[PDB]
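Participant:
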Amino acid sequence: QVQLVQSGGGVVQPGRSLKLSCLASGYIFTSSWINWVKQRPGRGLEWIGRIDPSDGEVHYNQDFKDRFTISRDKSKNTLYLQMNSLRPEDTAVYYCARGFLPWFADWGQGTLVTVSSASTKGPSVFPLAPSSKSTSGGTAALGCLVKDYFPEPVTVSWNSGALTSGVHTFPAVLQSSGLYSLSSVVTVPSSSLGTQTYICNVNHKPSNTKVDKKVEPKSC
Amino acid sequence: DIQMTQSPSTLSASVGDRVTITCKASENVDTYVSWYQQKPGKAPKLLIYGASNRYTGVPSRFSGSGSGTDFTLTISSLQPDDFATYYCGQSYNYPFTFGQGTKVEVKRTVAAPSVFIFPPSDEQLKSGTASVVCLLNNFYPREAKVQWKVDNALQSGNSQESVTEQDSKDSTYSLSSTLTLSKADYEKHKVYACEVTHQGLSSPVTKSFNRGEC
Numbered sequence: 001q002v003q004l005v006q007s008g009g010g011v012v013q014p015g016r017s018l019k020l021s022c023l024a025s026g027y028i029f030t031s032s033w034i035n036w037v038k039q040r041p042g043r044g045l046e047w048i049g050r051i052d053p054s055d056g057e058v059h060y061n062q063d064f065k066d067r068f069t070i071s072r073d074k075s076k077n078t079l080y081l082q083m084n085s086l087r088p089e090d091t092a093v094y095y096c097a098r099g100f101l102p103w104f105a106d107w108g109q110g111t112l113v114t115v116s117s118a119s120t121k122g123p124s125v126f127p128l129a130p131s132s133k134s135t136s137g138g139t140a141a142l143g144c145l146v147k148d149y150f151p152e153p154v155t156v157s158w159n160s161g162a163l164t165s166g167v168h169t170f171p172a173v174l175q176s177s178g179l180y181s182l183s184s185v186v187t188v189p190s191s192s193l194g195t196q197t198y199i200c201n202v203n204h205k206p207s208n209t210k211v212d213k214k215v216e217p218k219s220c
Numbered sequence: 001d002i003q004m005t006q007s008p009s010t011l012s013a014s015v016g017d018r019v020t021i022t023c024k025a026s027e028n029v030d031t032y033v034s035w036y037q038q039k040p041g042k043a044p045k046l047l048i049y050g051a052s053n054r055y056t057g058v059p060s061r062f063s064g065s066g067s068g069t070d071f072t073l074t075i076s077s078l079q080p081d082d083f084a085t086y087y088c089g090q091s092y093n094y095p096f097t098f099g100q101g102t103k104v105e106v107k108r109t110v111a112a113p114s115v116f117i118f119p120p121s122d123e124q125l126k127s128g129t130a131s132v133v134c135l136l137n138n139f140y141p142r143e144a145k146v147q148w149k150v151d152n153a154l155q156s157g158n159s160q161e162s163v164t165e166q167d168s169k170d171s172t173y174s175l176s177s178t179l180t181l182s183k184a185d186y187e188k189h190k191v192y193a194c195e196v197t198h199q200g201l202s203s204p205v206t207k208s209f210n211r212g213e214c
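Protein sequences, first through last, are from chains H and L.
Under the deposited numbering, the residue at position 184 of the first sequence is numbered 184, and the numbers go up by one with no gaps.
Under the deposited numbering, the residue at position 70 of the second sequence is numbered 70, and the numbers go up by one with no gaps.
1) Could you spell out the range, first to last residue, of the beta strand (DSSP E) harbouring residue 143 of chain H?
2) Taking 8 angstroms as the threshold, find out whether the region 138–146 of chain L comes into contact with the region 110–122 of chain L through three or more Cβ pairs.
3) Using the C-alpha atoms, what's the distance from residue 39 of chain H back to residue 215 of chain L?
4) Give me the residue from H:190, H:91, H:59, H:155 with the minimum Cα distance to residue 211 of chain H.
5) Give a yes or no on whether the minimum CB-CB distance between residue 159 of chain L and chain H is below 8 angstroms.
6) Can we say the region 23–43 of chain H touches the region 68–85 of chain H, given the rule of at least three CB pairs closer than 8 angstroms?
7) Nearest-angstrom Cα distance between residue 216 of chain H and residue 128 of chain H?
8) Is it true that the CB of residue 134 of chain L sits closer than 8 angstroms to the CB of residue 183 of chain L?
9) Among residues of its own chain, excluding the 5 on either side of residue 99 of chain H, which ones have a beta-carbon nearer than 8 angstroms to its beta-carbon?
10) If I follow the unbroken alpha helix (DSSP H) through residue 192 of chain H, where does it start and stop?
11) Determine the direct distance from the alpha carbon of residue 132 of chain H to that of residue 203 of chain L, and round the result to whole angstroms.
12) I want to see whether chain L comes within less than 8 angstroms of residue 107 of chain H, judged by CB atoms only; does it?
13) Find the residues of chain H that neighbour residue 45 of chain L, judging by a C-beta separation of less than 8 angstroms, and give them in chain order.
14) Does residue 178 of chain L pass the burial test, meaning 16 or more other C-beta atoms within 10 Å, or should it be called exposed?
15) Please compile the residues from chain L whose C-beta is within a distance smaller than 9 angstroms of the C-beta of residue 133 of chain H.
16) Using the DSSP secondary-structure output, state which residues sit across from residue 130 of chain L in a beta bridge.
17) Roughly how many angstroms lie between the CA atoms of residue 40 of chain L and residue 84 of chain L, to the nearest whole one?
18) Take residue 209 of chain H as the anchor and find which of H:37, H:122, H:53, H:174 has the nearest alpha-carbon.
19) Between which two residues does the alpha helix (DSSP H) holding residue 65 of chain H run?
20) Leaving out five residues before and five after residue 180 of chain H in sequence, what residues of the same chain have Cβ atoms less than 7 angstroms from its Cβ?
21) Strictly under 8 angstroms for the Cβ-Cβ distance: is residue 146 of chain L near chain H by that measure?
22) Kindly say whether residue 139 of chain L, judged by its beta-carbon, lies nearer than 8 angstroms to any beta-carbon of chain H.
23) Is residue 220 of chain H close to chain L, meaning its C-beta is less than 8 angstroms from at least one C-beta of that chain?
24) Within 8 angstroms (strictly less), CB to CB, does residue 127 of chain L reach chain H?
25) Taking only the alpha-carbon atoms, compute the straight-line gap between residue 123 of chain L and residue 112 of chain H and give it to the nearest angstrom.
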């Protein structure tokens, strides 16, 4: 395989501090440099820093230099990343590669840190009901607008996962308000409408919400 | 400091092809550029360290070359696995910088989108808000545009969209685009239109309705 063991962070209110861990084996700990790499979703990779295996000399990035501190623990054999004074811009996935020379060979699975003022909300599921005032065309388009919730994620099924073909559940979009929203559509033969029932199955584990919205074909 | 840059950004390719990503260093390193391969929802893995030195297990298709400021990863024959996102990253000067990233995508024929414009459900209208959804369907390539026009007034800055990732079967993308507004304004207009452009469409596809009529 070739992995390490990260275990910190989650949803964190802004301005507040946070701290991640990166557990490494006794030899790995006293035999290599541990780089903490950053990656904001949809963008490349930012190197945050390193720490020599003998003493733990830390080398940061002058950006993160200002508010991120890398430490470790001999007894526990774990590296650290102190993230004080959090901004929303800190919403990213953190790794802790391990390696020889200036190489990032062994990467950890990564920990996701989500900075947001937003409270836990259940989704509002609306119908994306097929218009009868439309063209025959051939197929149709069912759907459920799962709007205003926090935090991710949601499990959208269609007819208890019996209908699985032609189902496009789009990526959650972060609205200005700070709440997500995504759609789960499934095109079907316009004739199948009426005859076969179509019910989406929304599931939001965080707010323990689970809702089954049946969508009716409606021109109006 | 040492800005690293990749190209092409995206890359249409199919099983059996000879792919080639081009990295560029604004500075001079020697052979301190590595290539990584991270797939969606996954941590990057090293392919080539040194400049040409392949890492353990990395199949003999991945090959590295170049030195100084111009580097290049080469895949001698594309496989199912090889469809992912590749990065480069100098480890010569402090700090260590990585390339923007090049995505490899399964190539197929041009397919135009099947548009569907959903009008607000009467229950969300109670909520005060009214989301008008426009679904571009099973198109290829990604490059497609959506233009919302309320009362023939081209809208701007009042919508959001999310694209789907390569279909495991169709190799076709799917795009949703929502026009979001309160109901006072939804109730203040009549015609809502989703003009859709894609390079696979002979003319722009317009879908619309009339707040009220049916």
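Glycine included, every Cβ here is placed at the ideal spot set by N, Cα and C.
Facilitator: On the basis of the data shown:
1) Along the first sequence, one-based indexing puts residue 143 of chain H at 143. Element bounds for residue 143 of chain H: 142–149.
2) Segments in contact, yes.
3) Missing from the structure shown is residue 215 of chain L; chain L here goes from 1 to 214 and no further.
4) Residue 211 of chain H sits at position 211 when you count from the first residue of the first sequence. Taking only the C-alpha atoms, the option nearest residue 211 of chain H is H:155.
5) In the second sequence, the residue the question calls residue 159 of chain L occupies position 159. False, the Cβ-Cβ gap to chain H never drops below 8 angstroms.
6) With the cut-off at 8 angstroms, the region 23–43 of chain H and the region 68–85 of chain H touch.
7) Counting from one through the first sequence, the residue named residue 216 of chain H turns up at place 216. Counting from one through the first sequence, the residue named residue 128 of chain H turns up at place 128. Approximately 9 angstroms between the Cα atoms of the pair.
8) Within the second sequence, residue 183 of chain L is the residue found at index 183, counting from 1. Within the second sequence, residue 134 of chain L is the residue found at index 134, counting from 1. No; because the gap between Cβ atoms is not below 8 angstroms, this pair is not in contact.
9) For the purposes of this step, residue 99 of chain H is taken as the residue at position 99 of the first sequence. If we look at residue 99 of chain H and ignore the five residues flanking it on each side, its Cβ neighbours are 32, 33, 35, 105, 106.
10) The residue given as residue 192 of chain H occupies position 192 in the first sequence. Segment 192–195, the alpha helix (DSSP H) holding residue 192 of chain H.
11) On the second sequence, position 203 is the one that residue 203 of chain L refers to. On the first sequence, position 132 is the one that residue 132 of chain H refers to. Computed Cα separation, rounded: 25 angstroms.
12) Within the first sequence, numbered from 1, the residue matching residue 107 of chain H stands at position 107. So yes, residue 107 of chain H belongs to the interface.
13) By one-based count along the second sequence, residue 45 of chain L stands at place 45. The answer, in chain order, is 2, 107.
14) Numbered from 1 along the second sequence, position 178 holds the residue referred to as residue 178 of chain L. With a threshold of 16 other beta carbon atoms within 10 Å, residue 178 of chain L meets it and is buried.
15) The residue you call residue 133 of chain H lines up with position 133 of the first sequence. Simply 209, 213, 214.
16) Taking the first residue of the second sequence as 1, we reach residue 130 of chain L at position 130. Bridge partners of residue 130 of chain L: L:181.
17) If you number the second sequence from 1, residue 40 of chain L lands on position 40. If you number the second sequence from 1, residue 84 of chain L lands on position 84. So the alpha carbons of these two residues sit roughly 7 angstroms apart.
18) Mapped onto the first sequence, residue 209 of chain H falls at position 209. Checked all of H:37, H:122, H:53, H:174; the closest Cα to residue 209 of chain H is H:122.
19) For the purposes of this step, residue 65 of chain H is taken as residue 65 along the first sequence, with counting starting at 1. It spans 62–65 - the alpha helix (DSSP H) in which residue 65 of chain H sits, taken as one unbroken run.
20) Sequence index remark: in the first sequence, residue 180 of chain H carries index 180 (1-based). The residues are 149, 150, 152, 172, 173, 174.
21) Here residue 146 of chain L refers to the residue found at position 146 when the second sequence is read from its first residue. So, not an interface residue.
22) The residue you call residue 139 of chain L lines up with position 139 of the second sequence. Chain H has no Cβ within less than 8 angstroms of the Cβ of residue 139 of chain L.
23) For the purposes of this step, residue 220 of chain H is taken as the residue at position 220 of the first sequence. Taking Cβ atoms only, chain L reaches closer than 8 angstroms to residue 220 of chain H, which makes this a yes.
24) Taking the second sequence and counting its residues from 1, the one referred to as residue 127 of chain L is at position 127. Closer than 8 angstroms: yes.
25) For this step, residue 123 of chain L is matched to residue 123 along the second sequence. For this step, residue 112 of chain H is matched to residue 112 along the first sequence. Rounded to whole angstroms, the separation of the alpha carbons of residue 112 of chain H and residue 123 of chain L is 35 angstroms.
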